[PDB]
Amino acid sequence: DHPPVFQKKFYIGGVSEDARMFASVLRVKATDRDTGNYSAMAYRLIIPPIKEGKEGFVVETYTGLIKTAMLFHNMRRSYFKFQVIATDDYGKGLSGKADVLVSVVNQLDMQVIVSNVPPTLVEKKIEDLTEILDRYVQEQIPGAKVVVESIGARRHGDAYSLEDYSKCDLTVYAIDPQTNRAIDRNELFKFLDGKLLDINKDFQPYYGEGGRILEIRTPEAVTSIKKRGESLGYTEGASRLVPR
């Protein structure tokens, strides 16, 4: 008689500082090893105490969806290590467990993947596309996890203020469980841009003929942060100050 087994031993996710209350973070799932059943699994989180009556995150008991339960203003680099449990038979059966890491980021952690297909196409296939991106990042940083911040129209024009809904801006970041924070955005750029032709070939079954990533770019918000004189420090190979 065997306990529920989570599909991953370790779920990694992220939230941005501006995430709304009860925003989706990630979904967990456990099944019975012998039958594959999962229709009666009750999911619960085990989170350490948080100040001020905040609860951090909740999980939908019967769907496994983890959602935010507090705001994350100014909390870039905060991290939440907790557990999720699954108990079969609506709580009356055996239990399994997995670890969870959620890291807080902002636009200083992100890169924009620009594609020549509409955002609805990218969104529809996002699970398969994220898994491909994971593979390339994990070759450089084992165990890292790519997270999708947003999928939208391609931004362009002055200050990237115009929207082209026939193309797509896919804003991503990656969380490193060794550091409990995001991978440096310029390292993330190097990982993706350096393999852009290989990633494009892997994306072909999903983007269709003629579809490809056009470029990787840094969010416009990063330029606004430097103009305000924030997060500026030393970086390697340059005398110009770049936001951290």
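The first residue of the shown sequence is 1; numbering continues from there.
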property	result
Segment of higher mean CA temperature factor, 58 to 66 or 199 to 207	199 to 207
Segment of higher mean CA temperature factor, 161 to 169 or 110 to 118	161 to 169
Residue of maximum C-alpha B factor among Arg155, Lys145, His73, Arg77, per deposited coordinates	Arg155
Third of the chain, ranked by Cα B-factor, where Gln138 sits	middle
Within-chain third of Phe189 by Cα B-factor, per the entry	middle
For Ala221, the third of its chain into which the C-alpha B factor falls	highest
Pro177 - Cα temperature factor, lowest/middle/highest third of chain	lowest
Chain-relative CA temperature factor third for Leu232	highest
